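# Descriptive analysis of the structure
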Amino acid sequence: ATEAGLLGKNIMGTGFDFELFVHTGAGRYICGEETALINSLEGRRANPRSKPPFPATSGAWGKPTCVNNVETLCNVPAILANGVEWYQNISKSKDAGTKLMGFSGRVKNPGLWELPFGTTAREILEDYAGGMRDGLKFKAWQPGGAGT
Amino acid sequence: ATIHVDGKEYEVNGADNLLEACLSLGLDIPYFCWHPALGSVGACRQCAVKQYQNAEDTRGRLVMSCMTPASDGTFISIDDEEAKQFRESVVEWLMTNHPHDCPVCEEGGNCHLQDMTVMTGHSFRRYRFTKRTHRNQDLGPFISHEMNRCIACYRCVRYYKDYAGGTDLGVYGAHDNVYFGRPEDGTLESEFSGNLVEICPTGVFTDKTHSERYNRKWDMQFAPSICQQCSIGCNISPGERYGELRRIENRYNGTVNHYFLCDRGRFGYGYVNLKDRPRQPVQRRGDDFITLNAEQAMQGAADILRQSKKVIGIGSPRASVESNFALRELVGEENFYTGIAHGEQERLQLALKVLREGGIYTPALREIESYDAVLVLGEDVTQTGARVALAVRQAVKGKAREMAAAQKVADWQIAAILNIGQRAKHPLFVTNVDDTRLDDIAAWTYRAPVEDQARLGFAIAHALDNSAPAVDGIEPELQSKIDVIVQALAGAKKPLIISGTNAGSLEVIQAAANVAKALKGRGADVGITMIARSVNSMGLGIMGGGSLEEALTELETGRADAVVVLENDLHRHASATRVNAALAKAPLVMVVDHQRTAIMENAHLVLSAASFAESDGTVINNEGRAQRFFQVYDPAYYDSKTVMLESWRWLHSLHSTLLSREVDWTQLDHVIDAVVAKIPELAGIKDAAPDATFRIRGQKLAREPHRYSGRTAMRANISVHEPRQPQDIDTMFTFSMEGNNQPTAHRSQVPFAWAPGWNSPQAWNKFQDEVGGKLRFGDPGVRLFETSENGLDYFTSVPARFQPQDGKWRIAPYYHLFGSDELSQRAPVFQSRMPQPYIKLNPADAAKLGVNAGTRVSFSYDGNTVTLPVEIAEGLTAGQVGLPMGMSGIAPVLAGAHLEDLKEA
Amino acid sequence: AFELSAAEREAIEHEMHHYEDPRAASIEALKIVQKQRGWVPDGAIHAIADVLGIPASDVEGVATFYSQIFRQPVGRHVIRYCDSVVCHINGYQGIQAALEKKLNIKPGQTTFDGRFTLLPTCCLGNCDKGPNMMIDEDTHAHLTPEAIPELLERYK
Ligand SMILES: Cc1cc2nc3c(=O)[nH]c(=O)nc-3n(C[C@H](O)[C@H](O)[C@H](O)COP(=O)(O)O)c2cc1C
Ligand code: SF4
Ligand code: SF4
Ligand code: SF4
Ligand code: FES
Ligand code: FES
Ligand SMILES: [Ca+2]
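Calculation notes
Residues numbered from 1 in each chain as written, not as in the entry; some residues may be left out. Chains lettered and ligands numbered in written order. Part of a larger assembly, values for the part shown. Heavy atoms only, no water. Contact = heavy atoms within 4.5 Å. Buried area = accessible area lost by both parts, 1.4 Å probe. Salt bridge = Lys/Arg side-chain N within 4 Å of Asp/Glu carboxyl O. Polar contact = N/O pair within 3.5 Å; in protein donor to acceptor, adjacent residues only side chain to side chain. Nonpolar A, V, L, I, M, F, W, Y, C, P; charged D, E, K, R; others polar. Buried < 20%, exposed > 50% of the residue type's maximum accessible area, 1.4 Å probe, protein only. 1 Å grid on protein atoms, 1.4 Å probe; cavity = no way out; pocket = protein on both sides within 12 Å on 5 of 7 lines; lining within 4 Å. Points joined across faces, edges and corners; volume = space filled by probe spheres on them. Helix = DSSP H or I, 4+ residues; strand = E, 2+ residues; numbered from the N terminus. Near = heavy atom within 4 Å. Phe/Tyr/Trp six-rings, centres within 6.5 Å; stacked < 30°, edge-to-face > 60°. Donors = N, O, S within 2.8 Å, 3.2 Å for Na, K, Ca; no water.

In terms of determination method and resolution, the entry is listed under cryo-EM at 3.0 Å.

### With respect to the interface of chain A and chain C
Facing the 24 residues of chain A at the interface are 23 residues of chain C. Between chain A and chain C, roughly 2100 Å² of surface is buried when both sides are summed, and carbon and sulfur atoms account for 55% of that area. Looking only at chain A, the three residues that lose the most surface to chain C are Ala26, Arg45 and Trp61 of chain A, adding up to 26% of its buried area. Inspection of the region where chain A meets chain C yields one salt bridge. Our count for the chain A to chain C interface comes out at 13 residue pairs in polar contact. For the side of chain A that touches chain C, the class distribution of residues is nine nonpolar, nine polar and six charged.

### Notes on the interface of chain A and chain B
Facing 13 residues of chain A, the contacting portion of chain B comprises twelve residues. Across the chain A/chain B interface, buried area totals approximately 870 Å², and carbon plus sulfur atoms make up 38% of it. If you sort the residues of chain A by the area they bury against chain B, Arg45, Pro53 and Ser58 of chain A come out on top, with a joint share of 45%. Seen at the junction of chain A and chain B, the total is zero salt bridges. The interface formed by chain A and chain B holds five residue pairs in polar contact in total.

### Some details on the pattern of salt bridges
Residues and elements named next belong to chain B. Tallied over the entire structure, the rule returns 57 salt bridges over all chains. Residue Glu244 is joined to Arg246 by a salt bridge in which the shortest nitrogen-to-oxygen separation is 3.3 Å. There is no split in this pair, since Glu244 and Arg246 are both buried. Within the structure, one salt-bridge network assembled from shared partners comprises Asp168, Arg182, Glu184 and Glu189.

### A few points about the layout of surface pockets
Volume-wise, the second largest pocket comes out at about 1800 Å³. Along its surface, the second largest pocket is lined by 47 residues, and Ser104, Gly145 and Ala146 of chain A together with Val86 and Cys127 of chain C are the ones closest to its centre. Only β3 (98-101) and α4 (121-128) of chain A together with α5 (85-89) of chain C provide two or more residues apiece to the lining of the second largest pocket. When the residues that make up the lining of the second largest pocket are grouped by side-chain class, the tally is 23 nonpolar, 16 polar and eight charged.

### Digging into the site of ligand 3
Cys150, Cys153, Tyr154, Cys156 and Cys200 of chain B are the nearest of the 13 residues found near ligand 3. Its residues assigned to classes, the shell around ligand 3 shows eleven nonpolar, one polar and one charged.

### Things to note about the packing of aromatic side chains
Residues and elements named next belong to chain B. Within this structure, the stated rule accounts for 29 aromatic pairs over all chains. Plain terms: the ring middles of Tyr31 and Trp758 are 6.0 Å apart, the flat faces sit at 35° to each other, and that makes the pair tilted. Taken together, the positions of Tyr31 in the loop between α1 (18-24) and β3 (48-52) and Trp758 in the loop between β29 (733-734) and β30 (782-783) put the pair 727 residues apart, joining distant regions of the chain. Given the relative accessible area of 1%, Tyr31 is considered buried. Between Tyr252 and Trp764 the ring centres are 6.3 Å apart and the planes differ by 40°, which places this aromatic pair in the tilted class. With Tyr252 in the loop between β13 (244-250) and α7 (263-267) and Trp764 in the loop between β29 and β30, the pair connects residues that are 512 residues apart, well separated along the chain.

### A word on the environment of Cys82 of chain C
All names here are of chain C. Counting through the fold element by element, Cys82 comes out in strand β1 (residues 77-82). Judged by its relative accessible area of 2%, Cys82 falls in the buried class. Counting along the chain gives 49 residues from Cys82 to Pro131, while the straight-line C-alpha distance between them is 6.9 Å. Beyond its immediate chain neighbours, meaning those up to four positions away, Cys82 contacts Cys87, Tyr92, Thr121, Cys122, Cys123, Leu124 and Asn132.

### Concerning the coordination of the calcium ion (ligand 7)
All names here are of chain B. Of the protein atoms, only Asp616 (OD), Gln631 (OE1), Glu646 (OE) and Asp730 (OD) coordinate the calcium ion (ligand 7), at distances of 2.4 to 2.5 Å. Look at where the donors of the calcium ion (ligand 7) fall in the sequence and you get D-x14-Q-x14-E-x83-D. Of the two residues, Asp616 is situated in the loop between β25 (605-608) and β26 (617-620) and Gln631 in the loop between β27 (625-629) and α20 (647-659); the sequence distance between them amounts to 15 residues. Each member of the pair, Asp616 as well as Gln631, carries the same accessibility label: buried.

In structure tokens:
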């Protein structure tokens with residue numbers, strides 16, 4: 001993208017300068033916490049920070065900072081290339097847009113599928129994950145990771 | 001702002017957090033990670049209160065009172081059952097890994113964790129699993145390390161790194177194996193590492209020097225005293241047990257030294273406990289040393305003084321105001337000589353003239369932390385006035401404070417402040433003959449000889465105001481850096497100019513006065529600070545008198561045939577050969593001193609004076625603040641034959657025995673009234689502390705805690721019969737626990753902090769009007785002089801630049817916090833921390849000499865050839881040779897002298 | 001005792017170009033030294049601190065805070081088997097038993113020949129293909145306890 005003129009100085013003739021870097025971490029779960037992400041980006045121990053102040057006003061090196069997930073920024077270009085009305089007219093739920101959902105652990109088809117919000121967990125588990133494996137009975141589930 | 005705590009309405013400061021506001025109201029909230037000087041971080045999670053949305057809210061929410069602003073209409077509950085349960089739970093979680101160590105822990109009885117465990121009500125253990133353990137580190141001679149007792153409250157790293165600016169202490173590791181210490185074994189490098197023993201709320205960091213001779217806090221006899229190890233006059237609580245000085249605790253003073261000392265004043269008390277001190281008057285008769293009691297010593301000394309023609313008195317800046325005045329009265333005003341050299345005295349009286357006639361307000365030590373720009377001229381502040389260096393560091397962090405206040409971030413939210421002000425800091429410009437310890441935060445450092453530092457100061461003054469004398473021969477790059485300094489100083493709202501007499505140059509002080517006068521002419525709120533050398537240097541300067549050279553001239557010419565030397569070893573202010581010859585010429589030498597000095601071999605009478613622990617008196621700050629120090633203990637309580645009186649008591653009785661042939665052991669307030677009657681510029685010392693008739697509702701102030709042990713056994717091995725309690729006619733304090741030490745008592749002299757439920761140094765919160773403020777009824781001490789209405793003139797004696805001339809070597813003074821002071825370097829724990837005697841040389845000069853690093857060179861000064869090993873100093877300038885002042889064989893009077901015959905041995 | 005190589009110093013300085021504060025390159029500098037030497041030795045902390053202009057206390061605290069910055073010597077290959085909940089459900093304990101019985105070491109230990117260092121790690125982000133392992137740079141998914149003695153023979 002830098003060689004193709006999509007990054008660096010004067011992108012698309014607009015005059016906007018944007019430099020993108022990739023910073024590979026050194027293995028701590030707490031580094032995903034956004035204030036602790038900022039602290040780890042500054043080269044410190046990734047202890048979190050109290051809020052307020054939020055990173056929007058005092059974030060990375062004191063400057064304003066916006067921390068967003070990978071999937072949110074992956075959602076952004078479709079919003080800006082197809083419009084607002086398309087994004088609110090793909091799911092009849094209070095949560096607009098689509099989400100990468102998926103069931104894991106001793107199901108027939110463990111994986112990941114992009115589904116609209118409002119999809120029930122039963123139809124994910126039975127149609128996309130295929131239900132549980134042979135000779136296993138479903139006793140529990142966690143909806144959104146180890147912290148739920 | 002208005003807050004409602006448990007239904008009770010309180011009026012507080014809305015700019016405070018709820019923890020400091022509620023502690024100021026006498027409410028008890030347990031806390032670990034918060035400090036009044038370090039701010040709030042929210043680590044320990046101990047200070048939980050329950051906040052409600054309004055008056056008609058019942059469910060509430062647990063908030064952390066140190067991270068919650070005390071805004072208007074706030075509703076909190078401390079004594080809510082859920083808040084109490086959670087605070088007990090936090091104490092319990094800390095207790096899960098804590099070692100069973102209290103009987104063998106130096107913090108016991110003084111432990112903030114012990115206090116908060118008791119306060120939360122947690123005494124039942126239901127944890128059955130193992131405790132984590134840690135290996136300890138060796139942190140040097142002063143601090144003992146025990147990581148098992150740590151509760152991971154992060155106070156040590158916050159203090160040592162964010163506050164004291166030290167770089168070798170950190171936190172290592174993760175989840176529950178966090179380790180607070182150095183990256184490897186070795187001595188802690190910061191000059192303020194001693195305050196970790198009071199910052200740490202557990203026994204992880206403890207006083208190793210006290211651990212050698214440990215006694216619990218309830219067993220101490222405490223007194224409010226002044227530190228004697230430099231001119232800053234930090235308030236201390238020395239505490240004794242079994243007749244020896246045991247510990248120096250910090251004594252809170254919201255105006256001077258609030259929570260912190262330096263390592264010299266905290267750990268160099270050990271000269272008091274030396275076994276070779278004079279404990280009895282000794283008269284030399286032939287080769288015999290006859291021990292006398294007080295009466296016959298006074299009679300013999302008075303007879304010898306009466307048969308002599310002229311008696312001269314040589315004082316000291318070590319001795320109190322009362323002692324120096326008593327010597328001045330005994331020998332006469334015209335016969336009284338200050339014990340310092342002529343050049344030292346000239347620099348001292350110039351510093352005094354700038355302070356009390358220059359029309360620029362000299363700040364207190366606490367107020368230094370509010371200045372917007374700092375210029376340090378010639379003075380190695382970290383090695384001579386270290387608490388001024390710490391206050392300078394806080395003033396430098398003031399810029400991040402202002403930036404965070406611009407974004408509506410509260411003043412206690414220290415992590416947000418340090419994040420907003422990343423590396424931005426207020427301008428600091430230091431000058432020295434080499435590198436200093438303030439170079440890490442200095443915007444610029446100038447390594448130059450004292451003439452060139454003075455010329456830089458004069459040029460800064462000329463660029464700020466053209467009426468100041470101009471400096472010719474300024475290089476274009478030095479002129480550019482001078483313009484940088486001028487732009488930083490001119491734009492500051494509150495500039496501060498720091499200098500002192502330790503640089504060894506009159507012109508450095510003149511340049512600092514010129515910069516301050518130029519800044520005052522532009523209307524700036526400029527302050528000036530002067531660092532004197534000894535504890536009572538400004539008091540001896542205000543008293544005045546001839547130099548030591550004049551006294552030696554009188555002794556050598558035979559015009560004086562009797563010399564009384566008060567608390568002076570005479571070798572740190574003059575050459576030893578001249579002093580020895582002059583004292584050997586006199587037919588009477590009488591040394592009134594508390595330390596075995598080298599001039600006692602020639603002395604015909606030695607009066608065993610008392611040190612600051614065994615005496616009362618007044619000392620004057622470097623800022624001109626009169627401060628009383630009170631006696632800690634009676635030296636004769638355990639050894640009945642010890643005749644160790646106050647110096648002024650000895651000299652007043654000697655004067656009375658010379659006049660009316662009878663001994664008169666006077667009282668301290670009589671001597672103070674004599675001072676304020678005869679010397680009108682010292683009239684402020686009367687109000688430094690109240691008289692011996694001061695009572696709190698009829699009772700004296702207690703020196704020892706109310707649970708003092710061993711009353712009928714501490715002297716039983718000497719005699720089973722209990723002696724009389726020692727009588728203190730001099731002060732308002734009693735040598736017992738039959739007295740008052742209430743935090744709500746109307747006094748300002750607090751011997752030690754203790755409240756029921758607060759046995760730690762956190763007990764000081766009860767003795768203060770607001771936490772981190774002043775003492776409840778004002779700080780002790782009184783300024784002698786106000787800011788003058790009219791200023792000085794510009795000093796026009798601009799020196800020429802340093803010319804390195806062949807054969808001569810200009811002695812550049814290097815100061816060390818451990819070694820430059822006399823009494824503290826006599827203390828046996830300092831020899832481990834002392835630097836080796838190293839003579840500093842430029843690479844060019846050492847290459848010219850054919851000398852590398854480490855080889856020993858011999859040089860002759862005043863007919864005395866001494867040999868020292870060479871250390872290469874890149875920051876030094878050629879033609880200069882570096883010497884450590886105050887060490888063995890190197891008097892501080894050598895600062896600015898020249899050297900001859902510097903050749904390899 | 002320790003001397004940084006020229007390539008290490010150039011990589012550290014080029015990392016320092018990317019950040020507003022040179023302290024922000026501390027993790028990458030530690031990873032550069034670790035990639036060059038297998039682990040970060042004791043003198044490397046002071047060398048990195050001198051290059052970056054920050055105290056060695058903060059570099060040591062960063063090195064001991066992060067689990068993938070090895071402050072003790074490791075083997076030539078670092079096996080990292082996933083510990084977390086989905087690999088627990090899929091049976092990482094059989095994989096751990098197979099690794100221990102083949103290498104004759106506990107987790108956190110190195111074999112006598114210095115060939116392997118066994119380490120448990122957190123989730124590897126490969127939970128639908130568990131149980132998961134990570135030898136030095138390669139992720140191996142769909143593990144079975146019978147595939148371990150064959151999979152450890154392609155790491156000499
Ligand atoms: C302990 C902890 C760990 C977290 N780890 C991550 C993470 O690894 N990745 C992530 O995107 N968010 C993580 N978060 C959530 C972030 O704080 C933040 O909500 C998110 O990264 C960005 O917000 P967004 O959802 O609008 O994109 C974590 C939060 C906590 C409390
Ligand atoms: S730190 Fe306090 S609670 Fe812990 S062992 Fe020492 S005295 Fe006891
Ligand atoms: S060593 Fe002391 S001050 Fe430091 S975190 Fe531990 S308990 Fe707190
Ligand atoms: S700064 Fe000076 S007065 Fe204060 S503790 Fe240190 S030596 Fe004593
Ligand atoms: S004192 Fe408030 S959380 Fe530590
Ligand atoms: S649980 Fe093992 S890869 Fe996620
Ligand atoms: Ca007394």
